[PDB]
Amino acid sequence: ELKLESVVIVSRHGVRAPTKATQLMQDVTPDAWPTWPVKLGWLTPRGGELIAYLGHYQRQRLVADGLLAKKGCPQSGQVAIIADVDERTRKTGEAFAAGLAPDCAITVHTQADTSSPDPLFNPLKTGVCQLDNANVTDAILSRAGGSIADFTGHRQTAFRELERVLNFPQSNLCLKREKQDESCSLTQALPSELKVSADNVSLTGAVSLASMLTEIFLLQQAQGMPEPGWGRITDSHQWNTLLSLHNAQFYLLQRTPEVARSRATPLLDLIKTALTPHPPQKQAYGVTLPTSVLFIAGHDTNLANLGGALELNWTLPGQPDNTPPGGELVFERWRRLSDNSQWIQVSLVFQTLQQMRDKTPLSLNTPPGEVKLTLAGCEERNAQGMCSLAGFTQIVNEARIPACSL
Ligand SMILES: [Mg+2]
Ligand SMILES: [Mg+2]
Ligand code: NI
């Protein structure tokens, strides 16, 4: 028997409109990209509704776990929400509060200035710290198989799948090539290189374009749009093949520990603060920690960074995107009653693509997907695979980068 004492949820924001619409995306397909109901990068109403489903589900299961009351609003900081400054993250926090505790108006805290980046969600972005250029380069290239040419060489079945969905042979980038005595290939038409600077890593060309476009197809599906990918994505094998290109870029750029440890350090500190038993104390964002429930509205990069830094690996059954809209990395502190010891469990909770496509209300009898994770570095584990509080504490202390803390 274990008793749930605390939960921290790091969530990607919900479904949002594509953040840019470029000439290159026009040039790789003869077809017209469907337009979205909100501004570039904003949360869609359906995106908010899907988040509220997770909030409602989390209320049900946390009531069943005895952590929140069945009726009424949580009292005095029992639930806290922090969100990145972006509209889509702020609105994700509002949607989660609306599902978790409807009509309770739980405050969605942000940093003071909502017009500039919050270093909690990436300390490299405000120059708190810097990447190690040489070491990051070598690390990403090794994980790519030794070169980006080697990386794309194995993924060419998936690139051909993307070309079919695009009808790439009939695109402007194809047809305006000269001459035509040569076949059309995304990877060869758009050579891909790794670019590393003190504040960012990125991939150029086909690799980054493919990661973006396959995510757009998935967002079209989750948004309920009539025919994602111009109706040329027709079974789950095709979805899994397409999104493998997106997961592969995040594996290189955001999971690689030489990037992830730095980029995740502020979130590691906040998470460890929320999970550690201590007298309640007002801290960052004016939130009092520890408390019962902390929900943090961030981004796919944050999920990937935390997984890379903590050595948490996952694939999501029925959800082709490893870092899907509204995907939740769920940290829990459990007290084992046999000796009143403290234990940390980590999970990935997510809506399957069909649960998004169908706008399926979630509940105890229709739950989201959930993957139980293990901290690979943990040396002190209980019968349920949880890491001891002290073991988890050492892992975070070893994984974090002190220069990157706030
Ligand atoms: Mg339970
Ligand atoms: Mg406040
Ligand atoms: Ni993703």
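Residues numbered from 1 in each chain as written, not as in the entry; some residues may be left out. Chains lettered and ligands numbered in written order. Heavy atoms only, no water.

Determination of this PDB entry was carried out by X-ray crystallography to a resolution of 1.85 Å, according to the record.

In the nomenclature of the PDB entry, the protein corresponds to Acidphosphatase from the organism Escherichia coli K-12. Its UniProt record, at the heading Sequence similarities (unreviewed entry), says of the protein: "Belongs to the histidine acid phosphatase family." (UniProt positions renumbered as here; feature names shortened; annotations may be inferred.)

Caption draft 1: Quick look at the pattern of salt bridges. Within this structure, the stated rule accounts for 17 salt bridges. In this structure, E5 and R333 form a salt bridge, with 2.9 Å as the shortest nitrogen-oxygen distance. Here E5 is found in strand β1 (residues 2-12), whereas its partner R333 is found in strand β9 (residues 328-336), with 328 residues between them in sequence. The exposure class of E5 is partly exposed, given its relative accessible area of 26%. Across the pair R61 and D65 runs a salt bridge whose closest N-O atoms are separated by 2.9 Å. (Salt bridge = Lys/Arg side-chain N within 4 Å of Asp/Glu carboxyl O. Helix = DSSP H or I, 4+ residues; strand = E, 2+ residues; numbered from the N terminus. Buried < 20%, exposed > 50% of the residue type's maximum accessible area, 1.4 Å probe, protein only.)

Caption draft 2: Expanded view of the packing of aromatic side chains. The tally for this structure, following the rule as stated, stands at 5 aromatic pairs. Centroid distance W33 to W230: 4.8 Å. Interplanar angle 65 degrees. Geometry classified as edge-to-face. Of this pair, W33 sits in the loop between α1 (23-27) and α2 (45-64) while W230 sits in the loop between α9 (205-223) and α10 (236-255), and the two are 197 residues apart along the sequence. There is no split in this pair, since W33 and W230 are both buried. By the ring-pair criterion, three or more aromatic residues cluster together here, those being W33, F217 and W230. The ring of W42 has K39 lying over it, and the distance from NZ or CZ to the ring centre is 4.0 Å. Over the ring of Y251 we find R143, and its NZ or CZ is 4.0 Å from the ring centre. (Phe/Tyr/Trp six-rings, centres within 6.5 Å; stacked < 30°, edge-to-face > 60°. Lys NZ or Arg CZ within 6 Å of the ring centre and 35° of its normal.)

Caption draft 3: Region of the structure containing the domain arrangement of the protein. Here the protein is partitioned into domain 1 (1-130 + 255-406) and domain 2 (131-254). Its C-alpha centre places domain 1 at a distance of 26 Å from the equivalent point of domain 2. Listed per partner, the contact involves 46 residues of domain 1 and 47 residues of domain 2. Summing both sides of the interface, domain 1 and domain 2 together bury roughly 3900 Å²; the carbon and sulfur share of this comes to 63%. (Domains from an automatic or database assignment. Contact = heavy atoms within 4.5 Å. Buried area = accessible area lost by both parts, 1.4 Å probe.)

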